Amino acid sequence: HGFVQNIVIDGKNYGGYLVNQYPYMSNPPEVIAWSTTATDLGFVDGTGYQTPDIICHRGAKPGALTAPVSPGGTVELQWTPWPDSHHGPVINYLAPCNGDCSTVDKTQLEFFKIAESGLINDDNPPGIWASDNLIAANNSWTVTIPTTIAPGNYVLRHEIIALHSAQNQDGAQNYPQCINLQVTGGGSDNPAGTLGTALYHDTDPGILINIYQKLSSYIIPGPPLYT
């Protein structure tokens, strides 16, 4: 349980959507982060993989702002303190907005995977995962925007999937957090995208999994990594 509370883009701070506070106030600030209704600080499980909740979290609506990012610039997502028990991959996707990200219809967004990190070491199950790397790095993750993609407005969908209860169907816990970016650079690729409701199936081998054993491999879920 947790959420992204701050985003640092090329060293500049952007406040996150404070789901622990803004849902309860009359005039919350405009931010680059999507609003959500995930006020339990919780997740979307497999029962929601084919519902709009999986796209940018439950009840999500586009942030009102969009942040410029330099070519191949860095986006650091700073989470609230992430529990060590919530072992699993950290995955990052972009979807072109083809216009103002604040007005997008999220069910139309076609995401391509830009980064993925999974099981790092399993000599002592449940092992060391991307989520443990995130914890060690001040509860944060840094995404580099590809230099090869066409510039314009994009939604970054940043996600931890916690696998501590994933041994049973719909047990995996997805924690997606979305922000709006204005991407720059000399790239021209428009990578093949996947609707948010088509990213995951509750039978995927990295989703329905018992991590309390020595795994020789881990198939990070979702569509293929774009390079």
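Between two forms, the rigid core is defined as the largest C-alpha subset superposing within 1.5 Å. One rule holds for the numbers: they count along the sequence shown, beginning at 1.
Asker: Report the stretch with the higher root mean square CA deviation, pooled over structures and residues in 8 other deposited structures of this protein, choosing between 173 to 181 and 26 to 34 after a rigid core fit.
Answerer: Greater root mean square C-alpha distance in 8 other deposited structures of this protein: 26 to 34.
Asker: Looking at C-alpha RMS in 8 other deposited structures of this protein with the core superposed, is it 206 to 214 or 8 to 16 that drifts more?
Answerer: Checking 206 to 214 against 8 to 16 in 8 other deposited structures of this protein, I find the farther stretch is 8 to 16.
Asker: Comparing average C-alpha B factors as deposited, tell me which of 98 to 106 and 84 to 92 sits higher.
Answerer: Higher mean C-alpha B-factor in the PDB entry: 98 to 106.
Asker: Which is higher on mean Cα B factor in this entry, 129 to 137 or 146 to 154?
Answerer: Taking the mean C-alpha B-factor of 146 to 154 and of 129 to 137, the larger value falls to 146 to 154.
Asker: Going by the entry, which third of its chain does the Cα temperature factor of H57 land in?
Answerer: Lowest third, going by the recorded CA B-factors of the chain.
Asker: Within this chain, which third does the Cα B-factor at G222 fall in: lowest, middle or highest?
Answerer: Middle third - that is where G222 ends up once the chain's C-alpha B-factors are sorted.
Asker: Compare the C-alpha B factor of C178 with those of the other modelled residues in its chain, then answer lowest, middle or highest third.
Answerer: According to the entry, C178 has a C-alpha B-factor in the chain's lowest third.
Asker: Hey, what third does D40 fall into on Cα B-factor, ranked over its chain?
Answerer: Tercile = middle for this residue's CA B-factor.
Asker: Should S117 be placed in the lowest, middle or highest third of its chain by the C-alpha B factor in the entry?
Answerer: Lowest third - that is where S117 ends up once the chain's C-alpha B-factors are sorted.
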